[PDB]
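Coming up is one lone chain in C-alpha cells, specifically the form deposited in one PDB entry.
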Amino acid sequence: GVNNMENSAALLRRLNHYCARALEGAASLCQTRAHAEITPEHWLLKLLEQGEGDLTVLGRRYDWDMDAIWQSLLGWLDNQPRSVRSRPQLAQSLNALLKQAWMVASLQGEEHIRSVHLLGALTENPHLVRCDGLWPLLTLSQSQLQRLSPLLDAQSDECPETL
C-alpha cells in the first residue's frame, strides 16, 4: 500500500547524486533493450561508466583488473533475455540491495547512500549479484570499507563538498 510505496520512494531520495544518476542511466539502458527489470548489474555497469566514485577509487587502490569487471558486466548484459516491458521496474534484488545499503549507511549515522554502501551491502549479501566477474567487489569486508572512509573522502567524486 501507501506506506510501502512511500518507503521505497524515500529510499530512492536518499541516494546521493552520483548513485541516482547511475540508477537513471541503468533504467535508460533497460528501456533501450526493452528489458523488464533493472538489476544491480545494470546499476554497477553505469556506476563504473561514470568512473569517478567510490568503486573506481577502491579498484585503483587495490589494483583490481577493471577491464575484466567491465567485460563480465557486458557479457552478463548481452546474455540477459528480453522481457517485454514498455518501461522497466526495479528488480527484487535491486530493492533488497537499496534497502540494505540504506541500513548500512544509517548504522554509520549517514543521511545519504553512496556507492561504498552498495558495496558494503553486496559484500554481506553476495547473492544479490549473479555475475562471476564481480568477485573483486567481494574482497573487502564492511569493516575495511568503513576504515577507508578518509581515503574515499579525499579521492571520490561522492565525497562531502566541504571540509
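Start at 1 and count along the sequence shown; that's the residue number. Whichever C-alpha set is largest while still superposing within 1.5 Å between the two forms counts as the rigid core. Residues that one form lacks are left out of the comparison.
What comes next is about the form deposited with a partner chain bound, which does not appear here.
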Margin query: Does the partner chain, in the deposited complex, lie within 4.5 angstroms of each residue among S8, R13 and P88, using heavy atoms as the measure?
Written below: yes
Next item on the list: Name the stretch, out of 132-140, 49-57, 115-123, 22-30, where some heavy atom lies within 4.5 Å of the partner chain in the deposited complex.
Entry: 22-30
Check: Is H17 close enough to the partner chain in the deposited complex to count, meaning some heavy atom within 4.5 Å?
Finding: yes
Notebook entry, point to check: Does superposing the core leave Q71 with a CA shift of 2 Å or more between the shown form and the other one?
Noted result: no
Margin query: Using the rigid core as the reference frame, would you say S83 shifts its C-alpha by 2 Å or more between the shown form and the other one?
Written below: yes
Margin query: If I superpose on the rigid core and flag every C-alpha moving 2 Å or more, which consecutive runs of 3+ residues come out between the shown form and the other one, in sequence order?
Written below: 6-8, 83-85
